[PDB]
Structure formats: structure tokens, C-alpha cells
Amino acid sequence: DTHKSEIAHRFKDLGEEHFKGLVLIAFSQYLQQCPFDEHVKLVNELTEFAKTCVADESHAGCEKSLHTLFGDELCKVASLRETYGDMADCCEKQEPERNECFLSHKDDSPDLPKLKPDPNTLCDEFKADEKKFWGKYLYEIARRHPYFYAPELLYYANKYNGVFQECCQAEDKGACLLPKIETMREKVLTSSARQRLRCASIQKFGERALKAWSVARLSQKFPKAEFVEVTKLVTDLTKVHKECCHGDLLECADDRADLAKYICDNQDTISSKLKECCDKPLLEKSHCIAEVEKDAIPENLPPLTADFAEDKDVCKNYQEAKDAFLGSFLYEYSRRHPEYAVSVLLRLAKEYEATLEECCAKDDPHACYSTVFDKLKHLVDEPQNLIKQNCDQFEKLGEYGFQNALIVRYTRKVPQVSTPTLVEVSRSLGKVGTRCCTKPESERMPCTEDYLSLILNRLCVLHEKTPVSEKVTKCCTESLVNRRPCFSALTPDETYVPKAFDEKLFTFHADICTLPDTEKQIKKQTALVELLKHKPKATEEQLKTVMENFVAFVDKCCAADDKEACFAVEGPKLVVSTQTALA
């Protein structure tokens, strides 16, 4: 009963272009510092060997796993040690330990040069060779995002050649291109942050957590899908993610297709909105199905309380399959409330779990769990007043001013975190203003809950690598679903000794007037953070004073005939007045 050669099953099923694409992504994520040219060699080689195993299945090595073959090739890289250190001892291990070891060196903050894309040299390179322009893009996104969802990477990379196909024929390439890549670039970062949380769930909270996520997400989109169908799409959707998150990129891709294919062939029992989606070429259909509008709530739905609170058999039901009965609750809940954010529904079910565990203990469980829904109904509203405040502060200050607002709020909160992580997180938190505060009122909170969890997950991820605040560790490990309130309930502690003053953190040169705009703000926001690790009690009135004092200074010195002499003299002046005002 042996369908023998895994490389050959995959090469056939995906076809060559997708095989090559996915292989280049996989090498790109394992070795992020490597030049492009070296990866193209590793891909072509493995690809030859793939064809040979399609031609002859018995030929040597054609039965080795996909890791072993991927792994064999990583081990032959002349520059693994003197380029990747401790990584080249992975080569001393056997399968599957050798593969675990490679993964664990994926770098979530790789140090990579910022692509300042220029449309002329860039439109130059797509005409020269469209298929390599295509690969270079794959490799550049994937090496800076090493857990990127890989079948989507091909999707976007095609969308991308798509822009150049339409824009390099116009009379102002520039004016045509940059708005489209920029709208594109935002969707890609959002999609990578999404995937990164999917993988954190499983790696850190179990398959049970991801799976539970898909019940929420699915039930909500496909409320007229009955539970067994939902259950089924869930099984196959957790598998696709598990494999994606584990670097099994070829199995993942092929299993997403089989699912895209299963969904479209079962429209009538799943949802009525898919008919347009179920009609594109492969990449686009899958993206369509993941982007698709939600279906209508069936009309005569039996009130929630029926099965889950009055049922004189709840505890019995629950004990016989805890996870199914809870999945069932999540299904039931999610399909009736497509308004809610997932993070919220998964928080509703978790609380619901906690209630049976402890009610089912007591002699009269029914007296205990009959009342759960009010408990639950109060969960929704805890968030709401957070929202109002932050959108006011946001409208009040604008995006930049709000980022510095968060930078201060979050540095007093978790002063130990490193300065680059505090900057990046606060910037991203502040864009949640622009994302969510112009939305309809009853929609602002769901929006907010949803992205915070991508952003809080990035904080944990950046921070689990080099663990230094106990506060953050606790909020990251304690729960998946309760991070946002765990991070909002944190206070500035008086258990933090201020950082000793460091001159080099508050010295500025004529370069500051040179930087790209993002860089300029990031240089300033760093110094903002370093100022609050040093002067952690400094008031809001005082900081107001410093920030203005600081704007004037940069303005002043970015205008003079000798800027260097201008920073030299005014720099120390600034330090003095600040030290005085704050100390």
C-alpha cells in the first residue's frame, strides 16, 4: 500500500513553477542572510532531482523524506558556520532533530537593508526577465518574514508582476507604481503578522488553539454550514497551517489547493458567496475564499441557552468529548455573532470552559452553570471604554503624536524591553488609530481587538527570543486570548531602577536631517524611549516641554550654513535644560 516517492508526488501535483517557487521560499526562510544567486542554484539542483524521481521512482534517494533532502542540501553550504554560527552543528544531527534545529534559528528580526524601490531601474529589471524578477520578490519577502504563509506569497508575488505588467507601459511609471506597491506592501505585512500568530498558537499553546481559532473564523463566515461540515473544513485547515508553520511548504501548498477544491465543490452546503471565488485560477481562488464575505444567519435559530445552560445533560455531554462539545459551543456562538472579533469569541469559549470545569465539580452543577451567559454577556463590554479614550487621544494628536503617546505609555509599563522593540510595537500600535478609529462606532472595538493581537503577538515573539521583562513573559505565556487585557492592566512599577545616563543616546549629528522620513521619526522615537528608561517618572507637562524644545533644535540646526557646528553647540545646551527640567 506504498505510494513511494514524496518528492515525486509533490512535483506532479504542484507542477514545476510552483514547485520552484515554494522551494526558493523554503531556502529563503532557512537561510536569510544568503545571497539570491546561491538559492537559485540550490532550487535548480533539487528541481533536477525532482524530475529524475518523476522519471524513475526507484532511483536512489527518491524515497528519502522532503526534510532529509532539503536538509542534505543546507548542510553542503560552504558558508553555514562562518555565516550562521551554531546552526552548522545542526548538520551533526539525524532526522528529525536536524530539522527542528534549523527552524529554531529562523530570525524574526533579521537586520535587513530597507528596499528603497526606484521605478526606472525597477521597471528595467522586469522587462529584462519577468521570471527572475518574480523570484527576487519571493526571496526578499520570505527572508525578512521567515514564517510567511507560503501559498499566499506566490499569490502576492503574482499580484506584483501584475502591477508591472499594467504599469511599465504608462507614461509616468512612478505615478502608476508606488501607490499600488504601497497598498500592496501593507496587505503583505498584515498577512505575515497574521500567519506569525497562527504559528505562535500551535508552537506555544497547542494544535487545540489553532484548531479552535478556525472554528471561530469558519463558523462566522459560513454560519449555514452545519457542524460536521465545519468540523471537516477545520481538520483540513489546521493541517495546512501546522504544515506551513513547520516548513513543510510543499505539503502545505498542495493541501490548500485540495481544500480550495473541496470548498468550491461543496458550495451549496457551505455558503452562497463563493460562486465568484470558485472560478479563478488556483492562487486567486484560495485568496478569494480566505477574503470572502460572510453568509446570513439562518432565520429561526434556537436560542444559545438551549443546549448549553438548561440542558440537564451539559456536564455529561462535556465529559464524553470536551473538545467537541466546546468546538460545538464555539460553532454555535460564532455563527450568531459575526459582529464579534475572534479574539473575543475564543475568549468567550475559554471562559465557558472554565465554568464547566469548576461547576461540574460541585454537587448541583445546574445551579452553577445555568447562569453562565450573564457572566459571558458582561465579557463583551469590558473592552468598550478602552476604545473611546484611545480614539479621542488619537483624533486629538494624529498618528505620529499618538505613537509618541504610546511610546511613553508603554515604556513606563515595561521599561526592560529593548529599545528597538518598544519603538516598533508602539508605531504599529499607533497605526491601529488610523485602522480603526474612523470606522463606524459599533465596529471600532472588533477592529481594535483583532489587530492588537497581531501586534501584541509580535511583541511576545520579538521578546521571547531575548527574554528580559518578567511582565511581558507572564502576559505572553499565560494565555493566548487574554493578552490584550493583560497588557492593558499593566502599570508602571516602582520596582524598576532607572537607567544610568548615557551621553551617546542623546547626541545628534547632521545626518538626522538626511534620513528617509521613516528613519527620521525612528531616530527620534528611540531617543524618546531612552529618555523614559532614564527619567521614568517625568511628567506629561514636562515631556511636552522636551519634545517642543527638541523640535526647535532640529529645525534650528537643519537650517544653518554649518549644521555640524550647529549640533555641536546646541546639542549640549539641550541636554542641560532637559536634565534641569526633569531632574
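The first residue you see is number 1, and the count goes up from there.
Structure method, as recorded: X-ray crystallography, 2.5 Å.
Cβ from N, Cα, C; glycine included.
What Swiss-Prot records for this protein:
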BINDING   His3  Cu cation binding site
MOD_RES   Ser5  phosphoserine
BINDING   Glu6, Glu243, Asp248, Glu251  Ca(2+) 1 binding site
BINDING   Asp13, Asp254, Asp258  Ca(2+) 2 binding site
DISULFID  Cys53-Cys62  disulfide bond
MOD_RES   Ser58  phosphoserine
MOD_RES   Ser65  phosphoserine
BINDING   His67, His246, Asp248  Zn(2+) binding site
DISULFID  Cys75-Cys91  disulfide bond
DISULFID  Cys90-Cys101  disulfide bond
DISULFID  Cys123-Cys168  disulfide bond
DISULFID  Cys167-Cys176  disulfide bond
DISULFID  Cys199-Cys245  disulfide bond
DISULFID  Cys244-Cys252  disulfide bond
DISULFID  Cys264-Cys278  disulfide bond
MOD_RES   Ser272  phosphoserine
DISULFID  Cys277-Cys288  disulfide bond
DISULFID  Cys315-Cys360  disulfide bond
DOMAIN    379-576  domain 'Albumin 3'
DISULFID  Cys391-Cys437  disulfide bond
MOD_RES   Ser418  phosphoserine
MOD_RES   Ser488  phosphoserine
DISULFID  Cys513-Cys558  disulfide bond
MOD_RES   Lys533  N6-methyllysine
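Distance from the CA of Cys245 (disulfide bond) to the CA of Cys252 (disulfide bond) is 9 Å. The Ca(2+) 2 site is set by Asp13, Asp254, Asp258; from the centre of their CB atoms, other residues of the chain with a CB within 8 Å are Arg10, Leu14, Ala253, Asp255, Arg256, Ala257.
For the pair formed by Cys167 (disulfide bond) and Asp254 (Ca(2+) 2 binding site), distance between Cα atoms is given as 32 Å, rounded to the nearest Å.
Those same-chain residues not listed among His67, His246, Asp248 yet with C-beta within 8 angstroms of the centroid of the Zn(2+) site C-beta atoms are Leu66, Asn99, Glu243, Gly247, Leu249, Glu251. In the set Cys245, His246, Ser272, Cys277, none of the recorded positions has a C-alpha within 10 Å of the C-alpha of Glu6 (Ca(2+) 1 binding site). The separation of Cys101 (disulfide bond) from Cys91 (disulfide bond), Cα to Cα, is 9 Å.
Put simply, of the binding-site residues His3, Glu243, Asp248, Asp258, the one whose Cα is nearest the Cα of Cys278 (disulfide bond) is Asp258. The Cβ neighbour count for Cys252 (disulfide bond), using a 10 Å radius over every protein chain in view, is 22. Per Cα geometry, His246 is the residue among the binding-site residues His67, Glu243, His246, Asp248, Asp254 nearest to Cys558 (disulfide bond).
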